[PDB]
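Participant: The structure follows.
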Amino acid sequence: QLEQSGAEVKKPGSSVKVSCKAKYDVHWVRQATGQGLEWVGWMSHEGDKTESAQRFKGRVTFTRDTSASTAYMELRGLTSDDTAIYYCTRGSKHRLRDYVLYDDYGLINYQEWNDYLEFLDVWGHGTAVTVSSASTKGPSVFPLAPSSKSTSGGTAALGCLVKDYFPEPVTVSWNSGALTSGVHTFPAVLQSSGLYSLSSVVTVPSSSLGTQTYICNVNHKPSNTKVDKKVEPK
Amino acid sequence: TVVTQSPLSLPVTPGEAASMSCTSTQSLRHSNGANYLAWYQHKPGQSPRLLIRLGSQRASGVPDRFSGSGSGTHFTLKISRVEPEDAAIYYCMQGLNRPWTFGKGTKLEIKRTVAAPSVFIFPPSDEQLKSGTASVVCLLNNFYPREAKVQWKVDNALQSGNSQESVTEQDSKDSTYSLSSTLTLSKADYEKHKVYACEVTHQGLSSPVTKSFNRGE
């Protein structure tokens with residue numbers, strides 16, 4: 001996987017710089033809210049070619065650093081259409097000769113070369129960019145405590161309500177990544193506060209409620225906040 | 001140079017036939033014989049991998065159940081024995097004509113056995129209450145199919161439209177669905193009542209199931 005820069009909320013009209021970090025053709029794809037995957041842009045490994053989709057010409061700029069480790073997507077004049085998860089990925093292309101056009105005289109020496117996209121294989125985890133005039137906020141986290149009202153047979157359920165934050169996304173781990181099975185993190189819903197909220201629940205054996213410690217780890221990059229909450233039985 | 005994709009939804013019984021089609025408008029075959037179309041799968045939380053390249057060639061770590069077919073303008077991704085892991089959104093992508101475009105995707109849903117949900121309920125924390133707010137959470141766990149009714153009752157007095165429902169991606173392993181229904185009130189409004197109840201109607205249950213709790217108790 002390729003490590004990408006952190007999620008951000010951006011003002012309408014401003015610009016975002018998204019990083020992508022392991023030579024390779026580098027493509028920028030995106031997924032807008034309620035939309036299919038969309039091709040934004042690419043930089044050729046040769047460094048000859050930079051290009052974009054039609055709606056992006058004038059707004060986008062692709063760079064990569066001197067030591068060629070990190071690639072860079074600048075996108076300017078942000079609108080609410082530009083609210084998306086932006087993926088960087090590496091690509092394989094064929095650079096083929098389509099035809100040649102020459103004359104005996106030694107004047108005309110055309111030969112057409114074009115690039116043809118074979119594939120995009122290794123993708124970045126993605127960078128969520130939300131366009132909004134609203135200020136960012138870290139989340140309030142509350143225990144969804146295991147009770148008799150959350151047990152089925154010998155299976156108790158517990159978790160963490162993550163609430164009143166902006167913007168997306170938050171990342172919810174459990175016991176610092178140790179506990180990874182049986183976890184449901186629901187897609188957030190925008191509340192009437194214009195802030196997000198979701199629950200992360202875990203199903204576990206009820207005979208662990210005294211024995212095992214359960215702690216939700218909530219990460220919000222745009223607000224520079226991490227919240228650890230321990231969840232105890234009622 | 002749009003590359004329209006059909007169907008828009010595809011239900012499959014695990015162990016049985018999946019097929020989907022990418023259909024371009026201009027041709028995709030270069031003069032070298034190669035068709036520049038790729039197939040990608042995308043599990044909803046996660047980055048897309050590459051399944052098929054050059055129309056027919058499987059990428060690394062792609063099992064032989066995924067087969068690529070087609071030429072020129074017509075293409076077909078075929079899955080011959082569907083595992084629950086194949087629950088994802090599938091995208092075609094043409095690489096011949098500028099600019100390179102994605103299809104709008106095909107969603108694969110797995111039709112499994114009917115599963116009744118586990119119904120749970122969580123009172124608001126005293127900590128959240130101190131902050132002036134009460135969220136009451138109903139949890140629907142591991143059920144099929146996705147269609148379910150959640151109905152809030154307060155002191156057996158029956159609410160409308162103060163609840164927010166959220167539902168998960170279909171499970172990659174169990175092909176089940178899981179749902180949350182959250183009721184959010186001011187602390188005063190929450191304190192004005194005692195009994196909070198989540199009434200759940202699902203197919204797996206002959207009877208609607210109510211999970212209730214008495215505030216302060």
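Each chain in the structure tokens gets a letter, A, B, ..., in the order shown, and its residues are numbered from 1; ligands are numbered from 1 in order too.
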Counting only C-alpha atoms, what is within 6 Å of segment 22-28 of chain B, bar same-chain residues fewer than 4 positions away, as a PyMOL selection string?

Facilitator: chain B and resi 3-5+35-36+72-75+96

Participant: Should the cut-off be 9 Å, what would the residue list for chain A against chain B look like, counting only C-alpha atoms, as a compact mmCIF listing (two decimals) with N, CA, C and O atoms, in the first residue's frame?

Facilitator:
```txt
# COMPACT_ATOMS: atom_id res chain seq x y z
N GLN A 35 -21.04 8.42 -5.39
CA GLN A 35 -20.58 8.35 -6.78
C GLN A 35 -19.61 7.21 -7.03
O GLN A 35 -18.98 6.68 -6.11
N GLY A 36 -19.49 6.83 -8.31
CA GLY A 36 -18.57 5.80 -8.75
C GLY A 36 -17.15 6.32 -8.80
O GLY A 36 -16.92 7.52 -8.64
N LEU A 37 -16.19 5.42 -9.01
CA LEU A 37 -14.79 5.83 -9.12
C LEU A 37 -14.61 6.74 -10.33
O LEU A 37 -15.19 6.50 -11.39
N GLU A 38 -13.80 7.77 -10.17
CA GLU A 38 -13.56 8.73 -11.25
C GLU A 38 -12.07 9.00 -11.45
O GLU A 38 -11.34 9.24 -10.50
N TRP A 39 -11.63 8.97 -12.71
CA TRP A 39 -10.23 9.22 -13.00
C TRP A 39 -9.97 10.71 -13.03
O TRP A 39 -10.64 11.45 -13.76
N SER A 52 -4.96 15.40 -17.20
CA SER A 52 -6.14 15.30 -16.35
C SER A 52 -7.43 15.10 -17.15
O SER A 52 -7.46 15.30 -18.37
N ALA A 53 -8.49 14.72 -16.46
CA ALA A 53 -9.85 14.75 -17.00
C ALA A 53 -10.31 16.18 -17.26
O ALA A 53 -9.74 17.13 -16.73
N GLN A 54 -11.34 16.32 -18.09
CA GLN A 54 -11.74 17.62 -18.64
C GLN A 54 -12.14 18.61 -17.55
O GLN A 54 -11.81 19.79 -17.63
N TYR A 87 -7.60 8.79 -4.09
CA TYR A 87 -6.61 7.72 -4.08
C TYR A 87 -5.46 8.04 -5.03
O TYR A 87 -5.68 8.49 -6.16
N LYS A 93 1.55 1.23 -18.17
CA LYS A 93 1.15 1.84 -19.43
C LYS A 93 1.92 1.16 -20.57
O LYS A 93 3.02 0.64 -20.36
N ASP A 98 1.88 3.86 -33.17
CA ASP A 98 0.65 3.56 -33.89
C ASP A 98 0.85 3.55 -35.40
O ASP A 98 0.39 2.63 -36.08
N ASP A 115 0.26 6.78 -25.40
CA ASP A 115 0.28 5.97 -24.19
C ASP A 115 -1.06 5.27 -24.01
O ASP A 115 -2.12 5.85 -24.26
N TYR A 116 -1.01 4.02 -23.56
CA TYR A 116 -2.23 3.25 -23.38
C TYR A 116 -2.21 2.56 -22.02
O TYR A 116 -1.31 1.78 -21.71
N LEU A 117 -3.22 2.86 -21.21
CA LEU A 117 -3.25 2.40 -19.83
C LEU A 117 -3.53 0.91 -19.71
O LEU A 117 -4.61 0.44 -20.06
N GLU A 118 -2.55 0.17 -19.21
CA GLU A 118 -2.74 -1.25 -18.96
C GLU A 118 -3.46 -1.45 -17.64
O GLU A 118 -4.54 -2.05 -17.62
N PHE A 119 -2.90 -0.96 -16.54
CA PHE A 119 -3.57 -1.15 -15.25
C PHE A 119 -3.16 -0.20 -14.12
O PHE A 119 -2.17 0.52 -14.22
N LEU A 120 -3.95 -0.21 -13.05
CA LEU A 120 -3.58 0.42 -11.79
C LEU A 120 -3.64 -0.66 -10.72
O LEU A 120 -4.72 -1.17 -10.42
N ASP A 121 -2.50 -1.00 -10.14
CA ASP A 121 -2.42 -2.18 -9.27
C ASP A 121 -2.38 -1.83 -7.78
O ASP A 121 -3.25 -2.25 -7.02
N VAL A 122 -1.38 -1.06 -7.37
CA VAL A 122 -1.18 -0.76 -5.96
C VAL A 122 -1.75 0.60 -5.61
O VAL A 122 -1.27 1.62 -6.10
N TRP A 123 -2.80 0.60 -4.80
CA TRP A 123 -3.51 1.83 -4.47
C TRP A 123 -3.14 2.35 -3.08
O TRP A 123 -2.71 1.58 -2.22
N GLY A 124 -3.30 3.65 -2.88
CA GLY A 124 -3.13 4.24 -1.57
C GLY A 124 -4.39 4.03 -0.75
O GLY A 124 -5.45 3.76 -1.31
N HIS A 125 -4.27 4.13 0.57
CA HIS A 125 -5.43 3.95 1.44
C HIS A 125 -6.48 5.05 1.23
O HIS A 125 -7.64 4.88 1.59
N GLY A 126 -6.06 6.17 0.65
CA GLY A 126 -6.98 7.23 0.31
C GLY A 126 -6.91 8.43 1.23
O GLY A 126 -6.50 8.32 2.39
N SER A 140 -16.81 13.59 20.43
CA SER A 140 -17.12 13.19 21.79
C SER A 140 -17.42 11.70 21.73
O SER A 140 -18.19 11.25 20.88
N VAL A 141 -16.80 10.94 22.63
CA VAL A 141 -16.96 9.49 22.64
C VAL A 141 -17.60 9.01 23.94
O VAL A 141 -17.16 9.37 25.03
N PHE A 142 -18.64 8.19 23.82
CA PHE A 142 -19.38 7.72 24.99
C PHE A 142 -19.50 6.20 24.98
O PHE A 142 -19.62 5.59 23.92
N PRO A 143 -19.46 5.58 26.17
CA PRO A 143 -19.57 4.12 26.25
C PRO A 143 -20.96 3.61 25.88
O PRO A 143 -21.96 4.10 26.41
N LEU A 144 -21.01 2.64 24.98
CA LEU A 144 -22.21 1.83 24.78
C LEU A 144 -22.01 0.59 25.64
O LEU A 144 -21.45 -0.41 25.19
N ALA A 145 -22.46 0.68 26.89
CA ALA A 145 -22.11 -0.29 27.92
C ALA A 145 -22.88 -1.60 27.81
O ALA A 145 -24.08 -1.60 27.56
N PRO A 146 -22.18 -2.72 28.00
CA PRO A 146 -22.80 -4.05 28.02
C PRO A 146 -23.68 -4.25 29.25
O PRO A 146 -23.26 -3.97 30.37
N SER A 147 -24.91 -4.71 29.03
CA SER A 147 -25.88 -4.88 30.11
C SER A 147 -26.60 -6.20 29.91
O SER A 147 -26.12 -7.08 29.19
N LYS A 149 -29.52 -5.95 28.67
CA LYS A 149 -30.26 -5.52 27.49
C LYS A 149 -29.42 -5.61 26.21
O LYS A 149 -29.91 -5.31 25.12
N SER A 150 -28.17 -6.03 26.36
CA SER A 150 -27.29 -6.18 25.20
C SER A 150 -26.61 -7.55 25.17
O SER A 150 -25.57 -7.72 24.54
N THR A 151 -27.22 -8.52 25.85
CA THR A 151 -26.73 -9.90 25.81
C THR A 151 -27.70 -10.81 25.09
O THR A 151 -28.92 -10.73 25.29
N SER A 152 -27.17 -11.69 24.25
CA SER A 152 -27.96 -12.72 23.59
C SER A 152 -27.34 -14.08 23.89
O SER A 152 -26.25 -14.39 23.40
N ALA A 157 -22.93 -7.61 23.76
CA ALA A 157 -22.46 -6.64 22.79
C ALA A 157 -22.12 -5.36 23.53
O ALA A 157 -22.78 -5.01 24.51
N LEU A 158 -21.08 -4.67 23.08
CA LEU A 158 -20.70 -3.40 23.70
C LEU A 158 -20.12 -2.48 22.64
O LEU A 158 -20.09 -2.84 21.47
N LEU A 161 -20.08 5.05 21.14
CA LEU A 161 -20.74 6.05 20.34
C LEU A 161 -19.78 7.20 20.08
O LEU A 161 -19.33 7.88 21.01
N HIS A 184 -18.08 -3.99 14.20
CA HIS A 184 -18.90 -3.26 13.24
C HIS A 184 -18.78 -1.76 13.47
O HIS A 184 -19.20 -1.26 14.51
N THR A 185 -18.20 -1.05 12.51
CA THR A 185 -18.20 0.40 12.55
C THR A 185 -19.14 0.94 11.48
O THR A 185 -18.86 0.86 10.29
N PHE A 186 -20.27 1.47 11.93
CA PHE A 186 -21.31 1.94 11.01
C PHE A 186 -20.88 3.21 10.29
O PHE A 186 -20.17 4.04 10.85
N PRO A 187 -21.31 3.35 9.02
CA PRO A 187 -21.14 4.61 8.29
C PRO A 187 -21.79 5.76 9.05
O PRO A 187 -22.92 5.61 9.53
N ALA A 188 -21.10 6.89 9.16
CA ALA A 188 -21.60 8.02 9.93
C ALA A 188 -22.82 8.65 9.27
O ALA A 188 -22.99 8.56 8.05
N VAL A 189 -23.66 9.28 10.08
CA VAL A 189 -24.77 10.07 9.56
C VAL A 189 -24.60 11.52 10.01
O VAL A 189 -24.24 11.78 11.16
N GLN A 191 -25.83 14.71 11.47
CA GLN A 191 -26.93 15.14 12.33
C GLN A 191 -27.39 16.54 11.97
O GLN A 191 -26.77 17.21 11.13
N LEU A 198 -21.68 8.05 14.68
CA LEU A 198 -21.76 6.63 14.37
C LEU A 198 -21.53 5.83 15.64
O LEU A 198 -21.14 6.39 16.67
N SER A 199 -21.78 4.53 15.58
CA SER A 199 -21.45 3.66 16.69
C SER A 199 -20.50 2.57 16.20
O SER A 199 -20.62 2.08 15.08
N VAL A 201 -19.53 -1.14 17.38
CA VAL A 201 -19.92 -2.19 18.30
C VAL A 201 -19.07 -3.44 18.13
O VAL A 201 -18.56 -3.72 17.04
N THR A 203 -19.21 -7.67 19.35
CA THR A 203 -19.87 -8.80 19.99
C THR A 203 -18.81 -9.69 20.61
O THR A 203 -17.73 -9.89 20.04
```

Participant: Write down as a VMD selection string the residues of segment 7-213 of chain B whose backbone DSSP state falls under helix (DSSP H, G or I).

Facilitator: chain B and resid 84 to 86 126 to 130 187 to 191

Participant: Can you spit out the residues from that selection as a PDB file, in the first residue's frame, using N, CA, C and O atoms?

Facilitator:
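The resulting file, again.pdb, is shown below:
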```
ATOM      1  N   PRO B  84     -18.631 -15.518  -0.436  1.00  0.00           N
ATOM      2  CA  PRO B  84     -19.137 -14.295   0.199  1.00  0.00           C
ATOM      3  C   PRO B  84     -18.128 -13.147   0.147  1.00  0.00           C
ATOM      4  O   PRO B  84     -18.515 -11.985   0.282  1.00  0.00           O
ATOM      5  N   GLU B  85     -16.855 -13.476  -0.052  1.00  0.00           N
ATOM      6  CA  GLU B  85     -15.804 -12.471  -0.183  1.00  0.00           C
ATOM      7  C   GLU B  85     -15.981 -11.611  -1.431  1.00  0.00           C
ATOM      8  O   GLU B  85     -15.432 -10.513  -1.518  1.00  0.00           O
ATOM      9  N   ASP B  86     -16.744 -12.111  -2.398  1.00  0.00           N
ATOM     10  CA  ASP B  86     -16.909 -11.415  -3.670  1.00  0.00           C
ATOM     11  C   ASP B  86     -17.940 -10.289  -3.590  1.00  0.00           C
ATOM     12  O   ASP B  86     -18.187  -9.596  -4.578  1.00  0.00           O
ATOM     13  N   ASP B 126     -24.236   8.401  31.403  1.00  0.00           N
ATOM     14  CA  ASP B 126     -24.407   9.533  32.306  1.00  0.00           C
ATOM     15  C   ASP B 126     -23.468  10.664  31.901  1.00  0.00           C
ATOM     16  O   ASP B 126     -23.749  11.838  32.142  1.00  0.00           O
ATOM     17  N   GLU B 127     -22.352  10.295  31.281  1.00  0.00           N
ATOM     18  CA  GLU B 127     -21.384  11.264  30.793  1.00  0.00           C
ATOM     19  C   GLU B 127     -21.964  12.108  29.664  1.00  0.00           C
ATOM     20  O   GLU B 127     -21.779  13.325  29.627  1.00  0.00           O
ATOM     21  N   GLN B 128     -22.671  11.457  28.744  1.00  0.00           N
ATOM     22  CA  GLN B 128     -23.315  12.171  27.649  1.00  0.00           C
ATOM     23  C   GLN B 128     -24.451  13.019  28.192  1.00  0.00           C
ATOM     24  O   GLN B 128     -24.705  14.121  27.704  1.00  0.00           O
ATOM     25  N   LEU B 129     -25.131  12.495  29.208  1.00  0.00           N
ATOM     26  CA  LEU B 129     -26.223  13.217  29.843  1.00  0.00           C
ATOM     27  C   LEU B 129     -25.721  14.504  30.483  1.00  0.00           C
ATOM     28  O   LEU B 129     -26.340  15.554  30.341  1.00  0.00           O
ATOM     29  N   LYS B 130     -24.563  14.435  31.132  1.00  0.00           N
ATOM     30  CA  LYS B 130     -23.961  15.614  31.744  1.00  0.00           C
ATOM     31  C   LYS B 130     -23.654  16.667  30.684  1.00  0.00           C
ATOM     32  O   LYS B 130     -23.630  17.861  30.975  1.00  0.00           O
ATOM     33  N   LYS B 187     -31.346  16.421  27.210  1.00  0.00           N
ATOM     34  CA  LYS B 187     -31.342  15.749  28.507  1.00  0.00           C
ATOM     35  C   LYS B 187     -32.670  15.900  29.237  1.00  0.00           C
ATOM     36  O   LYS B 187     -33.133  14.974  29.910  1.00  0.00           O
ATOM     37  N   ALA B 188     -33.295  17.061  29.076  1.00  0.00           N
ATOM     38  CA  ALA B 188     -34.586  17.323  29.693  1.00  0.00           C
ATOM     39  C   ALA B 188     -35.666  16.444  29.078  1.00  0.00           C
ATOM     40  O   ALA B 188     -36.451  15.816  29.791  1.00  0.00           O
ATOM     41  N   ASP B 189     -35.704  16.410  27.750  1.00  0.00           N
ATOM     42  CA  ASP B 189     -36.654  15.572  27.027  1.00  0.00           C
ATOM     43  C   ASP B 189     -36.495  14.092  27.369  1.00  0.00           C
ATOM     44  O   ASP B 189     -37.481  13.371  27.523  1.00  0.00           O
ATOM     45  N   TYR B 190     -35.248  13.647  27.493  1.00  0.00           N
ATOM     46  CA  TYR B 190     -34.968  12.269  27.875  1.00  0.00           C
ATOM     47  C   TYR B 190     -35.440  11.989  29.298  1.00  0.00           C
ATOM     48  O   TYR B 190     -36.013  10.936  29.578  1.00  0.00           O
ATOM     49  N   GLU B 191     -35.200  12.945  30.190  1.00  0.00           N
ATOM     50  CA  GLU B 191     -35.581  12.803  31.592  1.00  0.00           C
ATOM     51  C   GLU B 191     -37.088  12.871  31.822  1.00  0.00           C
ATOM     52  O   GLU B 191     -37.582  12.438  32.863  1.00  0.00           O
TER      53      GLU B 191
END
```

Participant: Please identify all polymer residues within 9 Å of residue 6 of chain A, counting only C-alpha atoms, omitting same-chain residues fewer than 2 positions from it, and present them as a PyMOL selection string.

Facilitator: chain A and resi 4+8+18-19+126-129+221-222

Participant: What does the file look like for those residues with N, CA, C and O atoms, as a PDB file, in the first residue's frame?

Facilitator:
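Generated file (out.pdb):
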```
ATOM      1  N   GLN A   4      -0.699   7.796   2.292  1.00  0.00           N
ATOM      2  CA  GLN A   4      -1.171   9.090   1.814  1.00  0.00           C
ATOM      3  C   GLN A   4      -1.257  10.117   2.937  1.00  0.00           C
ATOM      4  O   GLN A   4      -1.226   9.765   4.116  1.00  0.00           O
ATOM      5  N   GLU A   8      -8.646  16.141   5.468  1.00  0.00           N
ATOM      6  CA  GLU A   8      -8.788  17.550   5.810  1.00  0.00           C
ATOM      7  C   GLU A   8     -10.159  18.084   5.425  1.00  0.00           C
ATOM      8  O   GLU A   8     -10.830  17.536   4.548  1.00  0.00           O
ATOM      9  N   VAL A  18      -2.524  16.843  -1.745  1.00  0.00           N
ATOM     10  CA  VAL A  18      -2.536  15.484  -1.222  1.00  0.00           C
ATOM     11  C   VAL A  18      -1.237  14.772  -1.573  1.00  0.00           C
ATOM     12  O   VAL A  18      -0.790  14.804  -2.722  1.00  0.00           O
ATOM     13  N   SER A  19      -0.630  14.140  -0.575  1.00  0.00           N
ATOM     14  CA  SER A  19       0.627  13.431  -0.777  1.00  0.00           C
ATOM     15  C   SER A  19       0.415  11.933  -0.970  1.00  0.00           C
ATOM     16  O   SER A  19      -0.607  11.381  -0.564  1.00  0.00           O
ATOM     17  N   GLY A 126      -6.057   6.166   0.649  1.00  0.00           N
ATOM     18  CA  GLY A 126      -6.982   7.230   0.310  1.00  0.00           C
ATOM     19  C   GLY A 126      -6.910   8.429   1.234  1.00  0.00           C
ATOM     20  O   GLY A 126      -6.500   8.317   2.390  1.00  0.00           O
ATOM     21  N   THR A 127      -7.306   9.584   0.712  1.00  0.00           N
ATOM     22  CA  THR A 127      -7.340  10.815   1.491  1.00  0.00           C
ATOM     23  C   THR A 127      -8.685  11.512   1.334  1.00  0.00           C
ATOM     24  O   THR A 127      -8.990  12.060   0.273  1.00  0.00           O
ATOM     25  N   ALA A 128      -9.491  11.480   2.389  1.00  0.00           N
ATOM     26  CA  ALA A 128     -10.794  12.132   2.368  1.00  0.00           C
ATOM     27  C   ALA A 128     -10.646  13.649   2.426  1.00  0.00           C
ATOM     28  O   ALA A 128     -10.008  14.188   3.328  1.00  0.00           O
ATOM     29  N   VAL A 129     -11.228  14.329   1.446  1.00  0.00           N
ATOM     30  CA  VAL A 129     -11.217  15.785   1.421  1.00  0.00           C
ATOM     31  C   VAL A 129     -12.642  16.315   1.401  1.00  0.00           C
ATOM     32  O   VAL A 129     -13.398  16.051   0.467  1.00  0.00           O
ATOM     33  N   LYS A 221      -7.948  12.596  12.227  1.00  0.00           N
ATOM     34  CA  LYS A 221      -6.837  13.364  11.666  1.00  0.00           C
ATOM     35  C   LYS A 221      -7.114  14.854  11.406  1.00  0.00           C
ATOM     36  O   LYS A 221      -6.257  15.688  11.702  1.00  0.00           O
ATOM     37  N   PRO A 222      -8.295  15.200  10.851  1.00  0.00           N
ATOM     38  CA  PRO A 222      -8.501  16.622  10.537  1.00  0.00           C
ATOM     39  C   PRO A 222      -8.519  17.529  11.767  1.00  0.00           C
ATOM     40  O   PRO A 222      -8.193  18.709  11.642  1.00  0.00           O
TER      41      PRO A 222
END
```
